[PDB]
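Visitor: Dropping the structure in here first, questions after.
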Amino acid sequence: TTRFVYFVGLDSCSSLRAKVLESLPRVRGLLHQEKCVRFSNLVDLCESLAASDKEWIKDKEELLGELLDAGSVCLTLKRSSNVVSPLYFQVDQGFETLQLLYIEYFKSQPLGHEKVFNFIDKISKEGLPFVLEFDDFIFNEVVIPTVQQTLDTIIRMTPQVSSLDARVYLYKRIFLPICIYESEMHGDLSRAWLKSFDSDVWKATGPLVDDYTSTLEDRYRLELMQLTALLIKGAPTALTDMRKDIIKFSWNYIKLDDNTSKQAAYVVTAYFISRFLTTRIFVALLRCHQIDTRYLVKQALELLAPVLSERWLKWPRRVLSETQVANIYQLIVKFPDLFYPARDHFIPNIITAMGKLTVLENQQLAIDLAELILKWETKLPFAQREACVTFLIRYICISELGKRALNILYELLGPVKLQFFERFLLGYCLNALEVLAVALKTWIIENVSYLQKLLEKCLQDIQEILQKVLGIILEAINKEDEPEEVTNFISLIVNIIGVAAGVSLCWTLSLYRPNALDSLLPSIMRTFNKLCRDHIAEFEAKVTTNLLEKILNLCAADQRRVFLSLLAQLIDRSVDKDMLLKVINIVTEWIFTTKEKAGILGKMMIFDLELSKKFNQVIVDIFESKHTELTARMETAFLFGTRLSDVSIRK
Amino acid sequence: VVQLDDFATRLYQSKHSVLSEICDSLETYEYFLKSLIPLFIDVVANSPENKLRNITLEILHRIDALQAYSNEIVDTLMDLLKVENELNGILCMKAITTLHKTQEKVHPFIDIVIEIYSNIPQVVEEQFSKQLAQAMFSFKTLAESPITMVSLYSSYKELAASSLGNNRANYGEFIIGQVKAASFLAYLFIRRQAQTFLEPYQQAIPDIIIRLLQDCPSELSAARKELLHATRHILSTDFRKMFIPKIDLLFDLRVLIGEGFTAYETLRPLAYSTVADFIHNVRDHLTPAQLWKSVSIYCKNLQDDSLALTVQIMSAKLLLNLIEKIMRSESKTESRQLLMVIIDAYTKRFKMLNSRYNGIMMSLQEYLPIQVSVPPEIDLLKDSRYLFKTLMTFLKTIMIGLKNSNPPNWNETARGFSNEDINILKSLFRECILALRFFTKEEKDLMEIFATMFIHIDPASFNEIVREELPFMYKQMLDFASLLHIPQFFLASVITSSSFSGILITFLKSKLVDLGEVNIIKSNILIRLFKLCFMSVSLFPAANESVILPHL
């Protein structure tokens, strides 16, 4: 029979296909006579016919219903789990191929009653709708007055008794995407499905909601909650009768015994209150909870707090009067931090509670609580600022999260204990960052004064943090002398060393003052570090080379000997971008040691066979502005630049 | 001094004094505890006297006289455990247990806890309170805390209470007592691995656990989670793992009873992990019908997209675990049907993965108003890559096992397939090559795994698959050139080279007509295919000379 299916599929046997079409009623007769008659064979005939002729399936709805019934009974036969393998795949291929036939027949005409008839039939079949084709059809349906009337039909025939819980869940799983997608472009979702929804759902589900049992229709309950919430978000409910119906609806689902659905009911009630007596709901929602319930209660609290002001913070404070639940309270006091001035007395108590609780998820909660305490202390009125600075300094010492804590500590200390944190590798780096940030901004001055100890002793990365702290403190003081001395010592150490710690020290010294050892071009140590960088071309040496020291060492003239050594090393070593730039700058300043300039020119010429192009452009500028060995090497450079490929310099 | 502050705080009104003392304790040694006792002395749950006593107990728990307070707490716990009334001593029992952990009367405290646990069955029998059962569980924990030898007597009392356990107020009390008995059984299971069980019947505790699972309502989600924890502690003991299968006939009873949505959410991952470990241990003794039930339920779980990546991947791990039991038995045609279902499930998973390719580079569920769980933040592309790589690794061994299960010279070579087998293999090829589009060395290794898993297939079925799907081969190389490696790996092996040369050469001869007018990239792919076919004869001249001679 499968060979017969293929033969019918081929276009050559058109007469045979027509003869088979003549016998369309007869072939189903043998099926009505499972094991004896293969459903898969007849369905395979069906897809061969459908592929051959597109008009074939337009009038096979009775045939499709008979095939659905046959598939249902065959599946019930194949659901036995006694012997190892009575389930044979041919019925399965029949199932998904019948699904494809249904997809094609649904593409034939846009009416949506046949899909829900299929859903009604599919209550007993274990096989779910085909993942690709059926979901593509659903998406096409989702992607207008016809949409509204289809939704109206969907809602009007929704409560059919023949539907079962799983198929109802799939039915709602398909109903939601059209609602949300239209909500993406919606103005108010008032474009007549809700008209029948008025009477067909909340009044109809009265016996269902009054069950007071936690069973499988919790899916129905949760989807009703979600749909009502979406409708409220759209807000087309001008009339108040449906509003009263929905508030009674929410109260009744509050009355259900199942917990998670109950916090879902509170979430729906919070949405209803936000859209437009609530103190009891608030105080009940402040009660303890677990993970699956904490997510719901915290979402309800977040959506309920902003609208509770006009409908107040004494009750949560009283609740705190009598952990994970404590973390939830920290969240629900951190969010209304903007509302903290309204409850003036709550701000100091909340700040104290946050400070007490602060001293993974736990670390994030502690950081959030510390930030909330700092913000509440700042916005409460001083003594609060000092307390916030001390708490943030302690948090930073305990602990980029450390950089954020340091910034928070500096902000709190802006407007005494910060000096102790500044007083002498994650903890050391955090302390150095806090000292630097506080110096940049009562406690701020003490931390700036004590940042010298942090710079000298942070307690490689810790040393870099301490050097950066010294540089930042010196720059802020420039706008005490101890931060400047610490920065100068760090610069001297980095320049003498000639890895990232030295580069950070050089950058901090350059930022603090141009007169630092690394910053100052005439300084011998910085030029020696540049020479060390050029020899191998050790991040301190690279920072010194990139700084103004290497470029302006030639103009300083000491730095002259170190610059000559740098030029000799660069000529001896391979050409590198930083080394070539330093050599070019040194030569330009020398023209405006002679042997060092000659060596730099020779190194550039060797690098020629874009850096040499830039050096030759500088040479062009010099000649526009315009010792025998220097003259000879200038001869060589001039002729080599003439030989170069670039048109501009040659011309 | 704290004692001075307490004395200052001390210096109808009883409730107000208790509230003020509690507030002072919240705001703020032996002397401090010493001053607290007169304050409590100076100062039916709703009853004002009971409320004041509870407030004093809470204050004592928050914070010589400490020994007297501990003795009073022990007496209150003993009274609460023995009798339904005066059950408000849970805080006192917790404070006494905390004091025992850290003052030298730990052994008398453990003895009192054991006495309370032994009197708990009498209280339960008389009632048939719930707080009495909770106090019994707390006493069992407090007795397990020290290294005292009374642990054996405490365990015997707990076992007796569990055996005894196995109106709305009555229903709630029974549920809470069942939860407390579940906690006690979990403690007993934790202590069971250390030494041989002294209970008269080893399987009696698993039977009690199963009965409690049946009895526990869906409302008590925490109780069912604790029962799940007890079940995962069951897997530690091997003898109990041997005893369970004769009792756990149904692997799905725990899920059917969990009709609540809370259970419907929490049960799947952890409970399926418990059964995963259990089946890993007891695959030898599984009934073939039970083997089908397990493989089918885990196929459905893998099929369901509501589950997380971990659940699907561990289901796949158990699937490759069960192919061992599949091939250990006789290589009958009926046995291979389960493996065919396995590969069909894998293909369906690949189909669902491929359906979301364009979306990654329905999934519109982020905008629902009420989310019942924290939304995942895992990157879709990285998750797809990891899932596909691990599933490919699983299919490597799955296909090796399929090769080592040839049905009736047939066993050695030329395994026989039915039409459905060719259909499902062509599907697997379809979605696998479609998934390779997710896009180096890792992709080359994946293609090598693919080549290894399809070279060992029967040459006739392999030839049919290649002949049917090579147009899709070409359609895919037209997009990404990295797929050119699969024909190279096919021609590299001597087994598949002789056929693949013929199929590829006839397809290229068919498509030679349009090679001219087509653009540069597509023509380049075509010439690369021709070049690969031409080195195919160079690599293995003996088998390729005859096939490539006529077309030249």
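Visitor: Going by the structure shown, is B:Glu259 of a type in the set (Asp, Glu) and either away from every other protein chain (no Cβ under 14 Å) or part of a helix (DSSP H, G or I) (or both)?
Guide: So B:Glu259 fails the test.
Visitor: On to the next question. May I ask you to say which residue of B:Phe184, B:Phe128 is away from chain A (no Cβ under 14 Å) and surrounded by 17 or more Cβ atoms within 10 Å (Cβ to Cβ)?
Guide: The match here is B:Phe184.
Visitor: Among the candidates B:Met136, B:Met149, which residue alone is buried (at least 20 other Cβ atoms within 10 Å of the Cβ) and out of contact with any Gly (no Cβ under 7 Å at 6 or more places or on another chain)?
Guide: The match here is B:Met136.
Visitor: Hey, another quick one. Picking from A:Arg317, A:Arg294, A:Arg287, which residue would you name as being under 16 Å from A:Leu365 (Cβ atoms) and either in a loop (DSSP other than H, G, I, E, B) or within 14 Å of chain B (Cβ to nearest Cβ) (or both)?
Guide: Just a single option satisfies the conditions, and that option is A:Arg294.
Visitor: Scan region A:232-241 residue by residue and report those that are surrounded by fewer than 18 Cβ atoms within 10 Å (Cβ to Cβ) and more than 14 Å from chain B (Cβ to nearest Cβ).
Guide: Scanning region A:232-241 gives A:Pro236, A:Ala238, A:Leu239, A:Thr240, A:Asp241.
Visitor: Moving on. Identify, from the list A:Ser250, A:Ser183, A:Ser190, the residue that is at the interface with chain B (Cβ under 10 Å from one of its Cβ atoms) and of a type in the set (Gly, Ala, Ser).
Guide: None of the others qualify; the one that does is A:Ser183.
Visitor: From the residues in region A:156-179 that are among the hydrophobic types (A, V, I, L, M, F, W, C) and over 37 Å from the mean Cα position of the chain (by Cα), which one is farthest from the other protein chains (Cβ to nearest Cβ)? Write out each step before concluding.
Guide: Going residue by residue through region A:156-179, those that are among the hydrophobic types (A, V, I, L, M, F, W, C) are A:157, A:161, A:164, A:166, A:168, A:170, A:174-176, A:178-179.
From what's left, over 37 Å from the mean Cα position of the chain (by Cα): A:157, A:161, A:164.
Numbers: A:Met157: 23, A:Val161: 20, A:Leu164: 14 Å.
Checked region A:156-179; the qualifying residue farthest from the other protein chains (Cβ to nearest Cβ) is A:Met157.
Visitor: Are there any pairs, at least 6 apart or on different chains, whose C-beta atoms fall under 6 Å, with the first in region B:360-373 and over 19 Å from A:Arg294 (Cα atoms) and the second surrounded by fewer than 16 Cβ atoms within 10 Å (Cβ to Cβ), and if so, which?
Guide: Matching pairs, first to second residue: B:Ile360/B:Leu380; B:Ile360/B:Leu381.
Visitor: Filtering region A:85-115 down to residues that are farther than 30 Å from A:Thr146 by Cβ and among the aliphatic types (A, V, I, L, M), which residue is nearest to the other protein chains (Cβ to nearest Cβ)? Talk me through it step by step, then tell me what you get.
Guide: Just the residues of region A:85-115 that are farther than 30 Å from A:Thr146 by Cβ, to begin with: A:85-95.
Then keep just the ones that are among the aliphatic types (A, V, I, L, M); that gives A:87, A:91.
On the way: A:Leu87: 7, A:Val91: 10 Å.
It comes out as A:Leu87.
Visitor: Please find, within region B:361-390, the residue that is surrounded by the most Cβ atoms within 10 Å (Cβ to Cβ) out of those that are among the hydroxyl-bearing types (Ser, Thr, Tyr) and within 23 Å of B:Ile449 (Cβ to Cβ).
Guide: Looking at the filtered set, the residue picked out is B:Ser384.
Visitor: Let me ask something else about it. What number of residues within region B:414-447 satisfy the criterion of being away from chain A (no Cβ under 12 Å), among the β-branched types (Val, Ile, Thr) and assigned to a helix (DSSP H, G or I)?
Guide: Qualifying residue count for the region: 1.
Visitor: Test of understanding: among B:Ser163, B:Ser129, which residue is under 28 Å from A:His289 (Cβ atoms) and polar (S, T, N, Q)?
Guide: None of the other options fit; the residue is B:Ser129.
Visitor: Right, another one. How about region A:302-314: which of its residues are surrounded by 19 or more Cβ atoms within 10 Å (Cβ to Cβ) and away from chain B (no Cβ under 14 Å)? Quick ask: steps written out before the conclusion?
Guide: Let us first name the residues in region A:302-314 that are surrounded by 19 or more Cβ atoms within 10 Å (Cβ to Cβ), namely A:304-305, A:308, A:313.
Once the filter is applied, which keeps residues that are surrounded by 19 or more Cβ atoms within 10 Å (Cβ to Cβ) and away from chain B (no Cβ under 14 Å), region A:302-314 yields A:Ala305, A:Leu308, A:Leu313.
Visitor: Restricting the search to region A:217-231, which residues are in a helix (DSSP H, G or I) and either within 21 Å of A:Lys255 (Cα to Cα) or more than 11 Å from chain B (Cβ to nearest Cβ) (or both)?
Guide: Once the filter is applied, which keeps residues that are in a helix (DSSP H, G or I) and either within 21 Å of A:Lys255 (Cα to Cα) or more than 11 Å from chain B (Cβ to nearest Cβ) (or both), region A:217-231 yields A:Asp218, A:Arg219, A:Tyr220, A:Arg221, A:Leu222, A:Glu223, A:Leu224, A:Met225, A:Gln226, A:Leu227, A:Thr228, A:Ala229.
Visitor: When the residues of region B:1-35 are narrowed to those that are out of contact with any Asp or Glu (no Cβ under 7 Å at 6 or more places or on another chain) and not in a helix (DSSP H, G or I), which ends up nearest to B:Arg53 (Cα to Cα)?
Guide: So the residue we want is B:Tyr12.
Visitor: When the residues of region A:116-159 are narrowed to those that are touching a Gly at 6+ places or on another chain (Cβ under 9 Å) and part of a helix (DSSP H, G or I), which ends up nearest to A:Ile103 (Cα to Cα)?
Guide: Ranking the candidates gives A:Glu141 first.
Visitor: Could you tell me whether B:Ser461 is within 14 Å of chain A (Cβ to nearest Cβ) and either in a helix (DSSP H, G or I) or surrounded by fewer than 17 Cβ atoms within 10 Å (Cβ to Cβ) (or both)?
Guide: Judged against the criteria, B:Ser461 is not a match.
Visitor: Also: Which residues, counting only those in region B:85-136, are outside any helix (DSSP H, G or I) and not charged (D, E, K, R)?
Guide: B:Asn85, B:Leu87, B:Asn88, B:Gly89, B:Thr102, B:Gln103, B:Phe128, B:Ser129
Visitor: Additional query: Name the helices (runs of 4 or more DSSP H) wholly within region B:294-379 that hold at least 2 residues that are touching an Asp or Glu at 6+ places or on another chain (Cβ under 9 Å) and either more than 8 Å from every other protein chain (Cβ to nearest Cβ) or over 27 Å from B:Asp421 (Cβ atoms) (or both)? It would help to see each step written out before you state the result.
Guide: Numbers: elements: B:309-328, B:333-355, B:357-360.
Here the list reads B:309-328, B:333-355.
Visitor: Right, something else. Within the group A:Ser214, A:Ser162, A:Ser190, A:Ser196, which residue is buried (at least 16 other Cβ atoms within 10 Å of the Cβ), of a type outside the set (A, V, I, L, M) and not in a helix (DSSP H, G or I)?
Guide: Details: A:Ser162 fails: buried (at least 16 other Cβ atoms within 10 Å of the Cβ); A:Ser190 fails: buried (at least 16 other Cβ atoms within 10 Å of the Cβ); A:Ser196 fails: not in a helix (DSSP H, G or I).
Step by step, each of A:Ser214, A:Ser162, A:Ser190, A:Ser196 is checked, and only A:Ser214 is buried (at least 16 other Cβ atoms within 10 Å of the Cβ), of a type outside the set (A, V, I, L, M) and not in a helix (DSSP H, G or I).
Each row is one residue, and each column tells you yes or no for (1) closer than 16 Å to A:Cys532 by Cβ; (2) not in a helix (DSSP H, G or I).
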{"residue": "A:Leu567", "(1), (2)": "yes, no"}
{"residue": "A:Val575", "(1), (2)": "no, yes"}
{"residue": "A:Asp578", "(1), (2)": "yes, no"}
{"residue": "A:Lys613", "(1), (2)": "no, no"}
{"residue": "A:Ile622", "(1), (2)": "no, no"}
{"residue": "A:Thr631", "(1), (2)": "no, no"}
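Visitor: Something else: Applying the selection to region A:253-284, what residues are hydroxyl-bearing (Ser, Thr, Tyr) and either surrounded by fewer than 19 Cβ atoms within 10 Å (Cβ to Cβ) or facing another protein chain (nearest Cβ under 10 Å) (or both)? Break it down into steps so the answer makes sense when it comes.
Guide: Of region A:253-284, the ones hydroxyl-bearing (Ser, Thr, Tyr) are A:253, A:260-261, A:266, A:269, A:271, A:274, A:278-279.
Across region A:253-284, the qualifying residues are A:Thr260, A:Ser261, A:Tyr271, A:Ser274, A:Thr278, A:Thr279.
Visitor: Here's another thing I want to ask about it. Need at least 3 residues that are within 14 Å of another protein chain (Cβ to nearest Cβ) per element, so show me which helices (runs of 4 or more DSSP H) inside region A:21-84 make the cut, counting only ones lying wholly within it. Write out each step before concluding.
Guide: On the way: elements: A:24-32, A:39-52, A:61-78.
Qualifying helices (runs of 4 or more DSSP H): A:39-52.
Visitor: Looking only at residues in region B:402-444 that are of a type in the set (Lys, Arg) and closer than 29 Å to B:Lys382 by Cβ, which one is surrounded by the most Cβ atoms within 10 Å (Cβ to Cβ)?
Guide: Step by step, filter region B:402-444, then rank; the result is B:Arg430.
Visitor: Limited to region B:187-227, what total is found for residues that are more than 14 Å from chain A (Cβ to nearest Cβ) and touching a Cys at 6+ places or on another chain (Cβ under 6 Å)?
Guide: 0
Visitor: When region A:63-84 is examined, which residues are found to be among the aliphatic types (A, V, I, L, M) and crowded, with 16+ Cβ neighbours inside 10 Å? Full working, then the answer.
Guide: Our first condition is that a residue be among the aliphatic types (A, V, I, L, M); within region A:63-84, this holds for A:63-64, A:67-68, A:70, A:73, A:75, A:77, A:83-84.
Answer for region A:63-84, where residues must be among the aliphatic types (A, V, I, L, M) and crowded, with 16+ Cβ neighbours inside 10 Å: A:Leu63, A:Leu64, A:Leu67, A:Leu68, A:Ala70, A:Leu75, A:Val84.
Visitor: Criterion first (basic (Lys, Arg) and more than 21 Å from A:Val268 (Cα to Cα)) does A:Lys314 satisfy it?
Guide: Criteria met by A:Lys314.
Laboratory data are not the source of any read-out in this text; all were calculated from the coordinates shown. Because the Cβ atoms are built from the backbone with ideal geometry, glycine has one as well, and the counts that use them run over all protein chains shown.
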